[PDB]
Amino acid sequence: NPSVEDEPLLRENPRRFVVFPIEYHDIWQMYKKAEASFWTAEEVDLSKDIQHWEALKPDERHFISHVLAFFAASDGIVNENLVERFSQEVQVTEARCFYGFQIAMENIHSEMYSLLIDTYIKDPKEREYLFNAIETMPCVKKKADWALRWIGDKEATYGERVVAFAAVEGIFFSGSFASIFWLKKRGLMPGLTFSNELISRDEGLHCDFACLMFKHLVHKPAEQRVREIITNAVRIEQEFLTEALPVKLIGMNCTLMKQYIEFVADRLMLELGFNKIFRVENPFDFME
């Protein structure tokens, strides 16, 4: 261990776990905002959607199917990290609440996606292929592997891993969410899009929380280190969206995608308290 004695969030010292003397109001209120957005997979009517899945072009189906599987697996990764690391490391109560609520929510997202997949792909053969994306889908490896390094990185700091998970939930998902909102614009798959609105909003909040934790950190990574972790993730997201699973497939412009990722990165950088990196405008009218 380092200088954890110096970190308020980490100093192995609440000597607490009695919840009402509320010390951190900014953290609390985030939990409250979480708690208030609760929802269940059950609240999403997937009943029309099979028709739509039907009236879709193949390319549109390959795309979607792959994204669903990419999200299915990623949520899994997110949760594991929270479970075995974040929620263990952080000592401040308010933060424990938020992370415990986030885990419950990841599980619900995991279920929603599973349902989408099961509802669209009647062929259990496929089903499996997709459930096992980490071991099947190369298009999801890098990303999965990048994120997995951080869980196993036992030499690095919380400040570093917090930034990384914020890149995972906010950068690794950005393109995909955006692609889904694209479909909505085009009037397709209501169930897929309606859920997407819920999920994306949860993830946003999960990103804001991470930036807040970052703020409560004393010893954080140097601004160069942060740029590099962000940058690395941006690149990886761009590649997935234009090469591995090109947005062309649902009629999107790969170039504007690439630029939105960057816009997304710069917003995060600002939330973390740094200058922007790329200085690009948001290209999607609808993502505003």
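Rigid core here is just the name for the largest C-alpha set that superposes within 1.5 Å across the two forms. Residue numbers here begin at 1 and follow the sequence given.
Looking at 71-79 and 206-214, the one farther from the shown form in 4 other deposited structures of this protein by average CA distance, after a rigid core fit, turns out to be 71-79. For the two regions 2-10 and 279-287, the entry's Cα B-factors average higher over 2-10. Higher average CA B factor: 36-44, of the stretches 217-225 and 36-44. Per the deposited record, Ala133 carries the highest C-alpha B-factor of all listed residues (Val92, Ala133, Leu116, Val168). Highest C-alpha temperature factor among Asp208, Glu155, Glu111, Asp202 per the entry: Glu155. The deposited CA B-factor of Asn232 belongs to the lowest third of values across its chain.
Per the deposited record, the Cα B-factor of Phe86 falls in the lowest third when ranked against the other modelled residues of its chain.
Per-chain ranking of the deposited C-alpha B factor places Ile27 in the lowest third.
Annotation for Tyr120: C-alpha temperature factor in the middle third relative to the rest of the modelled chain, per the entry.
When the CA B factors of the chain's modelled residues are split into thirds, the value for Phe181 lands in the middle one.
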